[PDB]
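Below: the structure, in structure tokens.
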Amino acid sequence: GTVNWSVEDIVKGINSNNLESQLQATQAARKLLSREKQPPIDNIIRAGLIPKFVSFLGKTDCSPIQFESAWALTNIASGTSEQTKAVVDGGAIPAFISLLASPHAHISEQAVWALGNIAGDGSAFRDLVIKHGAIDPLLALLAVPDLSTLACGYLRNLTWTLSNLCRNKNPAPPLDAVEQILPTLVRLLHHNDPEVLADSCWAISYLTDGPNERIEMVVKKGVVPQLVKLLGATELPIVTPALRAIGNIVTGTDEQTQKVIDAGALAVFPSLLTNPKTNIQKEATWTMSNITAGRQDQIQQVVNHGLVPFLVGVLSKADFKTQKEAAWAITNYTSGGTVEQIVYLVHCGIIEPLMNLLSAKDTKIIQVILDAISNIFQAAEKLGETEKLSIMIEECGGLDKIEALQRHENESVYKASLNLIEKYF
Amino acid sequence: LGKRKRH
Amino acid sequence: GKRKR
């Protein structure tokens, strides 16, 4: 019927002045474009079929040709930036926004999907989709008392499209657009579907990545308890964006960081810092470094949740990227922590795994470790226990490692290493 | 994440 | 101090 057609056959059928012949050639195009291996996107573009598909989107008296062009165009917009640009250049943005008002759920849905692919390309197409007024009709589709009345697949597509309108950074989405989307997005973050939750979390992770004003916008909507609750999910596709969003929030103000702690996020970190997935471990340790960079009372809540032995362990054995975040977490801890807090760190066995990381061929981690050691020696100076820590560093072969760093390429490494040896050894 | 094609 | 992405 409409299977294994050539581009020239589709061109013949679409160039006819027969709607049904156009409908069959459009179905044949969609099928060609749906295929898994090397669909001929560029061939369909070069043939000049995109304006033809876009014009078929307006054919209200033929709902199947609306669906088929919509699907065809969606798959062209899912390709490269030049391929998404072609769909936009064909004038498909206003055409797809009008389609959101279709009385046919499958056409309405295809429009939502295509707008998601266009917005997902980057900031410029994201903002162009917003300028053409996509947000109002998309949010009107979710204006129901209970989200559970909408079809699963339909709700998943809307949430994913909305997350792409929250995505990309130079620039970030317009503040007005973010403010209009946020109430629906919070409502989706409480919906009982795992894919809806994951995509809702991604959207929140995108909105919290940037200035503190943007973190504040999100935090004021009271999403932090829900993000902590999702941070404990058994589904990795939910934990990954949840931890991202929590990670972002703690890059902001101490007050914003505190909201995360108050919601009980640190209770989840014993598992997070031992998670089998490297990215979760790395992101959890990074989230930890920005918490230890906080107030002394925040460092105290880390101690209280027994998280210092968990940092000792990641420092001892983890992926080098996670171990790099762990060094940062210790340097931040020792920078703003009390003498009692720093003494507790040495007692938990921080010196040995900290010294073993001085063998690394990364200058930045060496710099971070040497600053942490300096901060630990300052706490030892205040108690008159400098010799105790000096022998402690000599016993685990720490001193030798600093001895070799005196003859290093980096100046900041060369200075700090030579300074510790003349001041304490 | 990124773009999604149908079927 | 605190570090962004």
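Counting neighbours? That spans all protein chains shown, and the Cβs are built from the backbone with ideal geometry, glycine included. The numbers here are math on the coordinates, done by the rules we state, and not lab data.
Being under 15 Å from residue A:41 (Cα atoms) and among the aliphatic types (A, V, I, L, M) is the filter here, so list the residues in the stretch A:1-18 that pass it.
Step one: list which residues in the stretch A:1-18 are under 15 Å from residue A:41 (Cα atoms), which gives A:4-8, A:10-11.
Answer for the stretch A:1-18, where residues must be under 15 Å from residue A:41 (Cα atoms) and among the aliphatic types (A, V, I, L, M): A:7, A:10, A:11.
Identify all residues within the stretch A:67-88 that are more than 10 Å from every other protein chain (Cβ to nearest Cβ), touching a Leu at 6+ places or on another chain (Cβ under 8 Å) and either buried (at least 24 other Cβ atoms within 10 Å of the Cβ) or of a type in the set (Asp, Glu) (or both); write none if there are none.
A:68, A:69, A:73, A:87
Of the residues A:424, A:414, only one is more than 41 Å from the chain's Cα centre (by Cα), aromatic (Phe, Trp, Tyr) and surrounded by 13 or more Cβ atoms within 10 Å (Cβ to Cβ); which? If you could, list the steps in order and put the result at the bottom.
Details: A:414 fails: more than 41 Å from the chain's Cα centre (by Cα).
Every option except A:424 fails the conditions.
Given the criterion within 28 Å of residue A:105 (Cβ to Cβ) and touching a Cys at 6+ places or on another chain (Cβ under 9 Å), identify the matching residue among A:203, A:140, A:198. Outline the logic, then answer.
Numbers: A:140 fails: touching a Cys at 6+ places or on another chain (Cβ under 9 Å); A:198 fails: touching a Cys at 6+ places or on another chain (Cβ under 9 Å).
Going through A:203, A:140, A:198 in turn, the sole match is A:203.
Say we look at the stretch A:1-47 and pick out the residues that are among the small types (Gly, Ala, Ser) and closer than 24 Å to residue A:80 by Cβ; which of these is surrounded by the most Cβ atoms within 10 Å (Cβ to Cβ)?
Pass one, the stretch A:1-47, residues among the small types (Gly, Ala, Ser): A:1, A:6, A:13, A:16, A:21, A:25, A:28-29, A:34, A:47.
Add one more test, that the residue is closer than 24 Å to residue A:80 by Cβ, and what stays is A:6, A:28-29, A:34, A:47.
On the way: A:6: 12, A:28: 23, A:29: 31, A:34: 15, A:47: 17.
By that ranking, first place goes to A:29.
Tell me, which residue of the stretch A:302-320 that is over 18 Å from residue A:255 (Cα atoms) and either of a type in the set (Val, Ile, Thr) or within 14 Å of chain C (Cβ to nearest Cβ) (or both) is surrounded by the fewest Cβ atoms within 10 Å (Cβ to Cβ)? Break it down stepwise before answering.
At the first step, the residues of the stretch A:302-320 found to be over 18 Å from residue A:255 (Cα atoms) are A:303-320.
If we keep only those that are either of a type in the set (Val, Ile, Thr) or within 14 Å of chain C (Cβ to nearest Cβ) (or both) too, we end up with A:303, A:308, A:312, A:314.
Working: A:303: 16, A:308: 23, A:312: 18, A:314: 23.
For the stretch A:302-320, the residue satisfying everything is A:303.
Failed condition for residue A:225, given (1) in contact with a helix residue (DSSP H, G or I) (Cβ under 8 Å, 6 or more places away or on another chain); (2) surrounded by fewer than 24 Cβ atoms within 10 Å (Cβ to Cβ), with all others met?
Residue A:225 satisfies all of (1) in contact with a helix residue (DSSP H, G or I) (Cβ under 8 Å, 6 or more places away or on another chain); (2) surrounded by fewer than 24 Cβ atoms within 10 Å (Cβ to Cβ) except (1).
How many residues, within the stretch A:282-307, are touching a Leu at 6+ places or on another chain (Cβ under 6 Å) and closer than 13 Å to residue A:348 by Cβ?
Summing the residues that are touching a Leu at 6+ places or on another chain (Cβ under 6 Å) and closer than 13 Å to residue A:348 by Cβ in the stretch A:282-307 gives 0.
Rundown of residues vs (1) in a helix (DSSP H, G or I); (2) more than 21 Å from residue A:360 (Cβ to Cβ); (3) more than 23 Å from the chain's Cα centre (by Cα); (4) away from chain C (no Cβ under 14 Å), yes/no style:
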| position | (1), (2), (3), (4) |
| --- | --- |
| A:300 | yes, yes, yes, yes |
| A:325 | yes, no, no, no |
| A:331 | yes, no, yes, no |
| A:343 | yes, yes, yes, yes |
| A:349 | no, no, yes, yes |
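Can you confirm whether the stretch A:212-235 contains a residue that is touching a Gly at 6+ places or on another chain (Cβ under 9 Å) and under 20 Å from residue A:112 (Cα atoms)?
Within the stretch A:212-235 (the criterion being touching a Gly at 6+ places or on another chain (Cβ under 9 Å) and under 20 Å from residue A:112 (Cα atoms)), the answer is no, since none of the residues qualifies.
Any residue at all in the stretch A:100-109 that's surrounded by 19 or more Cβ atoms within 10 Å (Cβ to Cβ) and either more than 27 Å from residue A:49 (Cα to Cα) or among the aromatic types (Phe, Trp, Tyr) (or both)?
no
Suppose we keep only residues that are within 14 Å of chain C (Cβ to nearest Cβ) and touching a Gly at 6+ places or on another chain (Cβ under 9 Å) within the stretch A:171-208. Which one would you say is nearest to residue A:124 (Cα to Cα)?
A:172
It is to be established whether one or more residues within the stretch A:116-123 are under 16 Å from residue A:53 (Cβ atoms) and of a type outside the set (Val, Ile, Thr).
Step one: of the stretch A:116-123, the residues under 16 Å from residue A:53 (Cβ atoms) are A:117-118.
Checking which are of a type outside the set (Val, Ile, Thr) leaves us with A:117.
Yes, there is a match, as at least one residue in the stretch A:116-123 is under 16 Å from residue A:53 (Cβ atoms) and of a type outside the set (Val, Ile, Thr).
Filtering the stretch A:113-124 down to residues that are surrounded by fewer than 24 Cβ atoms within 10 Å (Cβ to Cβ) and away from chain B (no Cβ under 11 Å), which residue is farthest from residue A:178 (Cα to Cα)?
A:124
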